[PDB]
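Numbering-wise, the working numbering comes out as the position in the sequence shown, counting from 1, plus 48.
Here a beta-carbon is modelled for each residue, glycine too, at the ideal position from N, C-alpha and C.
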Amino acid sequence: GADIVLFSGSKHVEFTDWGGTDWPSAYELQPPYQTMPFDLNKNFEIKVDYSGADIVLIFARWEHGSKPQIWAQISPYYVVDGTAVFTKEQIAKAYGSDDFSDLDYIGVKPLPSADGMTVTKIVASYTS
Ligand SMILES: OC[C@H]1O[C@@H](O[C@H]2[C@H](O)[C@@H](O)[C@H](O[C@H]3[C@H](O)[C@@H](O)[C@H](O[C@H]4[C@H](O)[C@@H](O)[C@H](O)O[C@@H]4CO)O[C@@H]3CO)O[C@@H]2CO)[C@H](O)[C@@H](O)[C@@H]1O
């Protein structure tokens with residue numbers, strides 16, 4: 049029923065400690081530069097099947113002129129089983145608005161772990 053698959057497979061990210069402020073990702077989009085696989089203006093949820101580490105979703109805007117950098121680092125709205133769910137309403141509250149006209153970056157990233165994080169699926173779906 050109209051799920052969009054952003055990724056399916058077995059993507060492994062090693063990240064054992066904070067060390068630098070270099071921070072590897074499982075998945076990234078840059079909306080100003082890449083055609084988009086889903087429409088940010090719909091009411092959407094992003095669901096990630098993962099294991100091995102705790103997970104976050106980043107929505108970011110780089111600093112430009114007198115508008116500051118936004119780094120909306122979001123924990124899952126909830127986890128069930130092996131799946132993290134993130135919702136548009138949650139993302140918009142962390143981003144400061146639901147206006148994504150200036151969104152530079154979307155990233156799915158692990159927190160530090162000994163074994164690394166593996167993502168097997170990322171799905172966008174549109175909700176009521
Ligand atoms: O135009 C600028 C340029 O930006 C590039 O991206 C940078 C951001 O500019 C930079 O601020 C940033 O971010 C993370 C940092 O990497 C994380 O380490 C941090 O995380 C916390 C963590 O949540 C704590 O629990 C833990 O204890 O410590 C760490 C702190 O070390 O939060 C900051 C928020 O900024 O990293 C980005 C990497 O890209 C773009 O790449 C470039 O294109 C833009 O032009």
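How is residue i classed by DSSP in three states: helix, strand or coil?
{"i": "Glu137", "result": "helix"}
{"i": "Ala142", "result": "helix"}
{"i": "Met165", "result": "strand"}
{"i": "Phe86", "result": "coil"}
{"i": "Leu159", "result": "coil"}
{"i": "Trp66", "result": "coil"}
Leaving out the 5 sequence neighbours to the left and right, which residues in its chain are closer than 8 angstroms to residue i when beta-carbon positions are compared?
{"i": "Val53", "result": "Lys169, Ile170 and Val171"}
{"i": "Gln117", "result": "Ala108, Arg109, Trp110 and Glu111"}
{"i": "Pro85", "result": "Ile52, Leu54, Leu77 and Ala172"}
Would you decide whether residue i is buried or exposed? Buried here means 16 or more other CB atoms lie within 10 Å of its CB.
{"i": "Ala120", "result": "buried"}
{"i": "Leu151", "result": "buried"}
{"i": "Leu159", "result": "exposed"}
Start and end of the beta strand (DSSP E) containing residue i?
{"i": "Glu111", "result": "Run containing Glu111: none; DSSP gives neither H nor E here."}
Taking the straight line between their C-alpha atoms, what separation do you get for residue i and residue j?
{"i": "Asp129", "j": "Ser123", "result": "16 angstroms"}
{"i": "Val133", "j": "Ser173", "result": "11 angstroms"}
{"i": "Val167", "j": "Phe92", "result": "20 angstroms"}
{"i": "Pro80", "j": "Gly100", "result": "31 angstroms"}
{"i": "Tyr153", "j": "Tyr143", "result": "11 angstroms"}
{"i": "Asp87", "j": "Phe55", "result": "16 angstroms"}
{"i": "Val127", "j": "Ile139", "result": "16 angstroms"}
For residue i, which residues from the same chain have a beta carbon less than 6 angstroms from its beta carbon, with the 5 sequence-adjacent residues on both sides left out?
{"i": "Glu76", "result": "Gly155"}
{"i": "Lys95", "result": "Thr131, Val133 and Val171"}
{"i": "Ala74", "result": "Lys59, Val61, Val156 and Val167"}
Considering only residues of the same chain and omitting the five flanking positions on each side of residue i, which have a CB-CB separation below 7 angstroms?
{"i": "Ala162", "result": "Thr64"}
Hey, does residue i have any beta-carbon neighbour from chain C nearer than 8 angstroms?
{"i": "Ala74", "result": "In the structure shown, chain C cannot be found, because there is only a single protein chain."}
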